[PDB]
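Each of two forms of one protein chain follows alone as structure tokens, named structure 1 and structure 2.
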Structure 1
């Protein structure tokens, strides 16, 4: 049977798993003719009994749309039966870098990273996509020092009879308060929360709020950002899970203070604080963060080496 627009993935020589630990089954691979390096994501078919997974259709729809210097790049889709997503290859993931002790970041380079990240977020939001899986592990960096957002697995379009978006999204550690208070009418501000955690991670080298349960997560968030009062977050009442489960009451904001030691730069701390804001409607957007004096003071954002 003819097939002019779907090449056999056998045109790529597999090399190594990179990896299943990142929530997906991804190989590195080499174009048998040009050496070009790529990432192959297999579309997993275990427990899929409804044909080609609607999940993979979303992702492919989204990636085919999202064409931008700071978003991972889908090159084509390949077959063999099994189906492979093929990307331009990204040598590093921001998590591997942050945990590696021989790796060291200057303030100007960190500026650059955050800049690309935030710029990439600006693009997808402008294109009405929510990432919904912000975490260091999902931020890739190419050998030439370009950052790419990746893993659009839980990604989803958004728009404007309030909305009823899925609430079980975002890894617990990078999940914002909105989603722990059971919100289902959210948007861009969630991704920016993650951007916050990631940014902080850039100095602390470790995720800054590692909870065991959702109630423990909300617990830690309060011990850092203050308690969830309608004084800080207008109309936080209407959420049923509000009083239903715990929360504290005497917590005062310790964001700048607790991070002071690690971060150092005043402008840096200032930006982190507006990213890790409790009320999404008051949490800084990607445009204003790109314009924050952090990126327009010395040292200036520089390239990566």
Structure 2
């Protein structure tokens, strides 16, 4: 049976496992002719997984310097082939030897926010924002990665609330919202930004209630005054300590102001990627600098 448009994965030479994804194993590999390094991610009861189709559809749509690049799909089983990326923000941050200057942290956040602006502009929610899903190439280019939980959106939506790792999950979802949008990814941008200094996830709950409590102990408490209409689905005395609790690690006024505008409770009052990119944090000294 002829197959012009699906190459055999044998074109790539498997070098080393580097994990096991949702549908199979993950390999680092080498193009047999050029040496180009790539990642091969292998793909039940209902034929080809609808979840994998969705991811593929989304990867094929998204083409941008700060979004991971699906090169092609290969047969043998099936493999998604990606340009290989050595590092990931979670790894670099959990490494004491690794050190960012204020200038580079600025650059990282700039690329990340620029990726988000692009994916949202294309009607995609990433839905799995976390340090480990942010990749950095040997050449210091940040890529949003792992779109396996991503989803197209539009404009009374009933999207799934089983979205986003708990520590990065925004208030809306924890309160049971199903008509959510791009602001959920930005809340995650917030948690990651803060993580650039604290070197550790600011809010590490154990259950949704613990998460909602933790969020209140940082961002003040969920109040219809603070968050118009929130009472439609906790603590009561908590007061905003976002700038106080992070005051230690961050120090720079602008960084703290932007993080404060990212970790905003009402999704509708939470800053968007476009305005975030415009924030003085990216336009004051030391200006953003390249990674090495």
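Each form is matched to the other, and the largest set of C-alpha atoms that superpose within 1.5 Å is called the rigid core. Positions refer to the first chain, counted from 1.
Participant: Superposing on the rigid core, is the CA of residue 296 displaced by 2 Å or more between the two structures?
Facilitator: After core superposition, the C-alpha of residue 296 moves less than 2 Å between the two structures.
Participant: Core aligned, does the CA of residue 286 move at least 2 Å between the two structures?
Facilitator: Residue 286: C-alpha displaced by less than 2 Å between the two structures.
Participant: After a core superposition, would you say residue 9 shifts its C-alpha by at least 2 Å between the two structures?
Facilitator: No.
Participant: Check the Cα of residue 32 between the two structures on a core superposition and give its shift in Å.
Facilitator: A shift of 1.1 Å.
Participant: After superposing on the rigid core, how many Å does the CA of residue 23 move between the two structures?
Facilitator: Value for residue 23 between the two structures: 9.8 Å of C-alpha shift.
Participant: How many Å does the Cα of residue 123 travel between the two structures when the structures are matched on their rigid core?
Facilitator: Between its two positions, the C-alpha of residue 123 lies 0.2 Å apart after core fitting.
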